[PDB]
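Here the structure comes first, spelled out in structure tokens, and everything after it is commentary.
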Amino acid sequence: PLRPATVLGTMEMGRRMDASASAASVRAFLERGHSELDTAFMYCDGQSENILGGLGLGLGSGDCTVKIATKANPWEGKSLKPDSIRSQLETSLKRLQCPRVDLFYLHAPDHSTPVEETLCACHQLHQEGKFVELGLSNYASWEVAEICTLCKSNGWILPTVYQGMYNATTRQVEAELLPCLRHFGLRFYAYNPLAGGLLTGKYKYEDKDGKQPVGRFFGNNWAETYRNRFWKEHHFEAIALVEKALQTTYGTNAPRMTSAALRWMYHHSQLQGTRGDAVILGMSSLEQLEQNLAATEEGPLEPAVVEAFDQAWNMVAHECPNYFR
Ligand SMILES: NC(=O)c1ccc[n+]([C@@H]2O[C@H](COP(=O)([O-])OP(=O)(O)OC[C@H]3O[C@@H](n4cnc5c(N)ncnc54)[C@H](OP(=O)(O)O)[C@@H]3O)[C@@H](O)[C@H]2O)c1
Numbered sequence: 043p044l045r046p047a048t049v050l051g052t053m054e055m056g057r058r059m060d061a062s063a064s065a066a067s068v069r070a071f072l073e074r075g076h077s078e079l080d081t082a083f084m085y086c087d088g089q090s091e092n093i094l095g096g097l098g099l100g101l102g103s104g105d106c107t108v109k110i111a112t113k114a115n116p117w118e119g120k121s122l123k124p125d126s127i128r129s130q131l132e133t134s135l136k137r138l139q140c141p142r143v144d145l146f147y148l149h150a151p152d153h154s155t156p157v158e159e160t161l162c163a164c165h166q167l168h169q170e171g172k173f174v175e176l177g178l179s180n181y182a183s184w185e186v187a188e189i190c191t192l193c194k195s196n197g198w199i200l201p202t203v204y205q206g207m208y209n210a211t212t213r214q215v216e217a218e219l220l221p222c223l224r225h226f227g228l229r230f231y232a233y234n235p236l237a238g239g240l241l242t243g244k245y246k247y248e249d250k251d252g253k254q255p256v257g258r259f260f261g262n263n264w265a266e267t268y269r270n271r272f273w274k275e276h277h278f279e280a281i282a283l284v285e286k287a288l289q290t291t292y293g294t295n296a297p298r299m300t301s302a303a304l305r306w307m308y309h310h311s312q313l314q315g316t317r318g319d320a321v322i323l324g325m326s327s328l329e330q331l332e333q334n335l336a337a338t339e340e341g342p343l344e345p346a347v348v349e350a351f352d353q354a355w356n357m358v359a360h361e362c363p364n365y366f367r
């Protein structure tokens, strides 16, 4: 088929990446012919949205090539109650300097708020023109099915996108979530395509006790969460397996682990570009992004390497982190 689409992740805009690095990145991304951006109310205390709103992209003014997604979250007391959802979205619109977003997600479940309450509110906001499509992230397949079923019966807008954790060594979503989304007509966007950077091969397990190199896995408030998600001895072993396969198969022409990992996504995963499925790229620099953008344009990997990626998943599958929260 056509390959999956490519979406630009903006989680680092306002933390490691300033307005100028951010602009450069978006420019680089658009030059490759891509068009969707992914942000959230949460990112950098609103700076990711603020940065994007100032880039003069005319977001949400249909007459408009660039598509924006944002998300409302229940954290730090906010809940996904109707007033909370509305406030988050209205704040996001202000920061993005736009009258409506193309895609609005529920960022993660609020297990203390009945989902019908949240959905009804989403439907109202859509009726007001504040977003085009609804999405879900970090809900379990069964929770997705409940939501779609409830929307159908109540005349609410159905979610059409699911944003989920997926990479060569993180495949829990395959068994149940994907079949569920296919049944109910949702496309799937993959986050953590490089396992937060673990799939670059840049780390060694014992970095956790020693170097503690500043980044995704050290120094910030989600770091421990990231380490619990991915920083496992079998995951390192699994990566080494793949690196060895890349050397044996390609020799001096071997692609970098980063570029192998991304190529897995675009060529060897269960993402289907004909369904509108996509990979959300991540970066904390322009230079990382350019590398990643180049990888997305490379071709399939050799069979021996694809096999090694399967072996690598088989090693970590028993301790795979939950795509759902
Ligand atoms: N829905 C959700 O709950 C959710 C969750 C996560 C992400 N997302 C979205 O998806 C986007 C991407 O996910 P992600 O950031 O987790 O993707 P990722 O590609 O798995 O992680 C990206 C991180 O890996 C490192 N990296 C990327 N390219 C590199 C390269 N070429 N060389 C060396 N290191 C490299 C950088 O980390 P360091 O430089 O910091 O080491 C970068 O911040 C986000 O920006 C956000 O929009 C959504």
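Numbers given in UniProt numbering equal positions in the sequence shown, counted from 1, plus 42.
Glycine included, each C-beta is placed from N, C-alpha and C at the ideal position.
- Secondary structure of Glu78 (DSSP, three-state): strand.
- Judged by beta-carbon spacing, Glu361 lies within the 8 Å limit of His276, meaning their Cβ atoms are closer than that value.
- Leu331 and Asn196 have their C-alpha atoms some 42 Å from each other.
- The C-beta distance from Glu159 to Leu192 rounds to 11 Å, too long to fall under 8 Å, and the pair is not in contact.
- In this structure, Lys244 has its beta carbon less than 7 Å from a heavy atom of ligand 1.
- Not a single heavy atom of ligand 1 lies less than 7 Å from the C-beta of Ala280.
- 8 Å or more divides the Cβ of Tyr247 from the Cβ of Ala232.
- As for any alpha helix (DSSP H) of minimum length 4 sitting wholly inside the region 143-226, the runs are 157-169, 183-196, 219-226, ordered along the chain.
- In the structure shown, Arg317 falls within a helical segment according to DSSP collapsed to helix, strand and coil.
- Where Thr48 is concerned, the enclosing beta strand (DSSP E) starts and stops at 47-51.
- A buried status is given to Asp80, since no fewer than 16 other beta-carbon atoms sit within 10 Å of its beta-carbon.
- Distance from the C-beta of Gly56 to the nearest heavy atom of ligand 1 is not below 7 Å.
- Look at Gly315: its beta carbon is at least 7 Å from all of the heavy atoms in ligand 1.
- In its chain, beyond the 5 residues on either side, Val358, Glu361 have a beta carbon closer than 8 Å to the beta carbon of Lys274.
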